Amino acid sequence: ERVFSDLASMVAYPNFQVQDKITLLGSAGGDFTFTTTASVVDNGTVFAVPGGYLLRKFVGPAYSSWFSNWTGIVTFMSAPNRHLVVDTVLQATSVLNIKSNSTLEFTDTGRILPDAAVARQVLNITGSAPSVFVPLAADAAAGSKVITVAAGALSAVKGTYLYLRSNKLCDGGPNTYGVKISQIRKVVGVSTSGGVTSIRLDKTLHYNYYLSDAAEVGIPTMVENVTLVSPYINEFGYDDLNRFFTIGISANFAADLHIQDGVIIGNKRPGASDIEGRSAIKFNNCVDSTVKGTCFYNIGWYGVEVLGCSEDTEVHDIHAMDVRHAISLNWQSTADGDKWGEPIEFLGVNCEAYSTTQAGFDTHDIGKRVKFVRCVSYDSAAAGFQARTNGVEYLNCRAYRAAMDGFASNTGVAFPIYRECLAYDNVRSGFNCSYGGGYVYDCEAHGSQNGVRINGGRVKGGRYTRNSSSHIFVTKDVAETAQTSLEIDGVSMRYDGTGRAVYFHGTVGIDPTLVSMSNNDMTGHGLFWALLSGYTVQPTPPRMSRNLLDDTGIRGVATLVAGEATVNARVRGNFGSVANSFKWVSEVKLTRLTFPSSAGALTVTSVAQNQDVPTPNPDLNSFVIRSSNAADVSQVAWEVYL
């Protein structure tokens, strides 16, 4: 039974015995056990004394308020299997490394303030790539459950990881840097027969790993099962104290790293220029890792940066304000040598971005199986969403007030897919997939120069309004890009006092006959449903089927007399030869409703359009129904389409 009023008194005491009950009072107080066994001093949980060590007695988490200084915190977390609650405002003077099976948790008022003297990383979760590789014993196709190596070449330990690579190029996107393939897999079974060890993986392979590509495998060092609960890195007012950092949380070769909530603020001054590499959270070669609920303010580079062969990565519920990209999947520069890995299986869901300096949500030109679900970007300085890898899918995303395009692909990028996405008041376009096609399904764009820019693919369903030039702009990024077939079907693209329905860009080589337009609502555009520019000669129109161009004077019944009737109706057409125009006429569907013996074959002719000045009256447009039988007196139903 030994009681001490302060730390210095306790640690100077020379008479401790192992059977003693020991108590410290004050801000780091607690109960202690004396031992002679060599213990790792950290001045919070272990203290040196004459004759041995004092060990704080506790179950559950450790608390930062137990520690004398930052140095001790770093020492404590240098070991695995730690649970530390940050319940004080810590002043960092070095990087804090976190090891396997560890949790760092913050209370409402816990903080790590970075060092104002030197910009450095705050939290590191750092594994490493293999130092040596062995060849696969045989090719392993995509979908393989097992890989094989020569017996004894590699220690395969169940529950640990392997890192596979080859010279095959990443294939998710254009991959302009020529990044090579890699994947991280967990060993779940092992068997050896005939000199070959067969290693069963948790997940199957997503590329063909071939010996002709020097397919090989090594053992990485992973940091696994790290939880960061409510990390609070820096604090508002940081810019008045010149207090910054580089990367907030940097992970490399981590597995099951889960980041929940928290706030990461201020590795640049508010509203200031971007700073290369200064991402808030960076996942490099991480597997089964997540960021859920974290908020980001005033970040020099990306909110969450995902690169290398990061696989089964998810970002949910983040709010990112004044950052370069809220989320960016990244490439790796091969300027200085080979690099390996693209992200595979990425989900961003229910995330919000405000005032990004570049695209709200971004990929670079590699990555596979990338999905964004119910994300929203507001007031981007560039695009709301930018896809640079192929076939990125967007489900129910929204972009508001982007300086350029709500959603866009980019040079050489193939067919992003937009489903029920909504674009409002983006300056240039709602959707810009004019670089290499797009699939635009049930989307809406309102308040742009053009609702969609597209060179080929499909615009199916959806609704477009308040677009000053046209609702759909068939164009290219550059003239060299190939136009492909474009279907526009079931789209509501009515006239609302603004632009035309569809703009064909002759300037860059658009052939309108590669477009087909079926069952669209183009009501109100009259003779001005199309905009054309840059044509040297009048081009042939798209195929057009059962579109709606007018809402009045569009169905009725006529009675022939002597084989003919004149019908007043909003029939329409252009019969001129002006180069930037189409020659076209309404499709008038005729059906016979009485059946005299003089019934003949019916046709539409004599289309006249009222050109009263200054205001034309389309209700005095007319056409003639003529029968091949000059005695025809049939009643004929008529319907006017485009």
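Numbering starts at 1 and runs along the sequence shown.
Look at the mean CA B-factor for 613-621 and for 588-596 in the entry; the higher one is 613-621. In this entry, 474-482 shows the higher mean Cα temperature factor of the pair 156-164 and 474-482. When the C-alpha B-factors of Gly262, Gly391, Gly437, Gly412 are ranked from the entry, the top spot goes to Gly412.
Taking the PDB entry at face value, the top CA B factor among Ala326, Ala116, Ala381, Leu96 belongs to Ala116. Placement of the Cα temperature factor of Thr33 within the chain: highest third of the modelled residues, per the deposited record. Sorting the modelled residues of the chain by their CA temperature factor places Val59 in the highest third. In the PDB entry, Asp240 places in the highest third of its chain by CA B-factor. Remark: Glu487 belongs to the middle third of its chain, ranked by C-alpha B-factor as recorded. In this PDB entry, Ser230 carries a Cα temperature factor that places it within the lowest third of its chain's modelled residues.
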